[PDB]
Amino acid sequence: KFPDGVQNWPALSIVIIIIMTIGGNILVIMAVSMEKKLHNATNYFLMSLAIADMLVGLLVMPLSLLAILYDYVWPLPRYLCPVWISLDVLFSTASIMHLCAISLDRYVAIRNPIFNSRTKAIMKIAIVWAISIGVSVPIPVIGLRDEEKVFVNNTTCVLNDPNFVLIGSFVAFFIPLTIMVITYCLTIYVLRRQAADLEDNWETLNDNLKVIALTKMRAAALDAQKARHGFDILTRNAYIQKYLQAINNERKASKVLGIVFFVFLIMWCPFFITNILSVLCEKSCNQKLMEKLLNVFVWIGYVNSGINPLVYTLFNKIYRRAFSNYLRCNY
Ligand SMILES: CC(C)COc1ccc(CNC(=O)N(Cc2ccc(F)cc2)[C@H]2CCN(C)CC23CC3)cc1
């Protein structure tokens, strides 16, 4: 931004999207650190994800906005177009790995449940980050070696090599997304089955108590006991509310994880479908429209990196109360 030579000033109004992308994720990072009730494997995963998304807003988004200002004619030195692209390939990938891990271990938690949690979480964070780095690192070598895989028509900074686009999309989007979807569906199936036994019998006995009838209560508690000693006596508050609250908290967490995964794939599918379709027909297609659509779908995918904190705010008292108190107390 010299600013001499700019071409699209209203694009500066995208800074708001950037400002919230960092801060919201910061609010997650401030939360999972300063709130003791957020110290666990999944919330540490979410802190890592917030770091990745804040870095998206800090490094991937601002260069894209600067390029938009100059009408997609790379305004920075030529050695920064590869880096930026690779940084994209890094941070976004981490996200789709983190979610894929969050849905995977969860499934591996439900199947065969049986170091410490706060350390195996570190191991998984390291694994997903290393995968992201391994995907990102080749891009600068390819770009700085052959500047035609990262520059299109000598001015536009987009990934150009077809084989790399396809292979990276299949190994960084389609495989992680597929694992995420399959694991989440199997998880949400098994959870319903395990919960079903207790909730059906409990509903039977609760309805029979609601009448006053009483003869229809004993077998319900028998079946619930079979599925510990809170039902053998039968009072309703303690053991019922204890085990029933544990099930429902899990249901809420499953809803949140599904919403995060689903916002992610909904917001990133347009860009990926459009790109792999722009290469499915290297000719015979209208490439101008493909590029113009991709220039907006890329930012939809970017904006996905600032929505998960709002999901936490909408479905967590801890995160919401954190965010409010952090905003007012710190400044
Ligand atoms: C040399 C090979 C191994 C690595 O080469 C690769 C090629 C493509 C991909 C798929 N990833 C993307 O298409 N992204 C990042 C992304 C990453 C992960 C996601 F889950 C979503 C998007 C877009 C995002 C928008 N940027 C402007 C350009 C882009 C970088 C290309 C990954 C690796």
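Residue numbering: from 1, along the chain as shown.
When the header is checked for method, it gives X-ray crystallography, 3.6 Å.
Placed from the backbone N, Cα and C atoms, the Cβ positions cover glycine too.
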**Message:** Quick check on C81 and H39: does Swiss-Prot annotate them with the same topological domain, i.e. the same side of the membrane?
**Reply:** no
**Prompt:** Relative to ligand 1, which of the recorded positions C81, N154, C157, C281, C285 have a Cβ found under 6 Å from one of its atoms?
**Reply:** none
**Fill in**
Should one count Cβ atoms within 10 Å of each candidate's Cβ, the disulfide-bonded residues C81, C285 would be headed by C81
**Request:** Going by Cα-Cα distance, pick out whichever of the disulfide-bonded residues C81, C281, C285 is nearest to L159 (ergotamine binding site).
**Result:** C81
**Item:** Feature contact check the transmembrane segment (83-105) with the transmembrane segment (256-280), CB under 8 Å, 3 or more pairs
**Value:** yes
**Asked** What count of other C-beta atoms do you get within 10 angstroms of the C-beta of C281 (disulfide bond), across all chains shown?
**Response** 11
**Anchor-to-anchor distance, in angstrom and between Cα atoms, for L234 and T235 with 28 residues unmodelled between** = 6
